[PDB]
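Shown below, as structure tokens, is a lone chain in the form deposited in one PDB entry; questions about how it binds or moves come after it.
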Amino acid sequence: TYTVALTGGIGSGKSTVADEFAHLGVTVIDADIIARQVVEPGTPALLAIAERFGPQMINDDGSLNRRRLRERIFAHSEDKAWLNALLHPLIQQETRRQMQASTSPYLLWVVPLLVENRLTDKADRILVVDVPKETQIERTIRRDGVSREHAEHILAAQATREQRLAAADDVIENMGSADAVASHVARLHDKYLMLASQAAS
């Protein structure tokens, strides 16, 4: 199936761009979303976490207390292997279920570390969501509650903005009016539709 990889640095707003494609009927595969889905309230995976580490892993609303789980892994690195063994098969299975259930002309894959992990060959096209470096820092501080210095360190550990732009087939700047960004998405959607038809012929 024709696949577009959506990449971008921290704080770029990849998910708001991906949502626009989803609104146009595109199947969006996002491993971070799938990871949260497999531990949602009532899931067997969440129960396994609670039965091992305790009921404090479940908030009053039935959801995973993510900070408590991060604290457990921080104190007991051995528990990272147990968590991966529990969750990785579920994420892989749900990823494949969503792929197989798709009926859209192409798939949009949200890939956080495409350039870092050097995956810029497996998708048919690469779409980079770009913002200025200061915009990344500002948005990461707000969403994640980190210092500017922390945000700068994360940027240092990721591919450079220039590397991402260099690898991109298309660039969408997640800046300015939201309506114009949505219009930009619709323009790219048509491009991908025609490319998917070309590939199928």
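Residue numbers here begin at 1 and follow the sequence given.
Form deposited in another entry: not shown, discussed below.
Each C-alpha goes to whichever rigid part superposes it better, and by this rule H189 and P132 end up in one and the same part for the motion between this form and the one not shown.
Cα-Cα spacing of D170 to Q92 is reduced in that other deposited form versus the present form (difference of at least 3 Å). Here's the thing about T140 and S63: their CA atoms end up at least 3 Å farther apart in that other deposited form than they are in this form.
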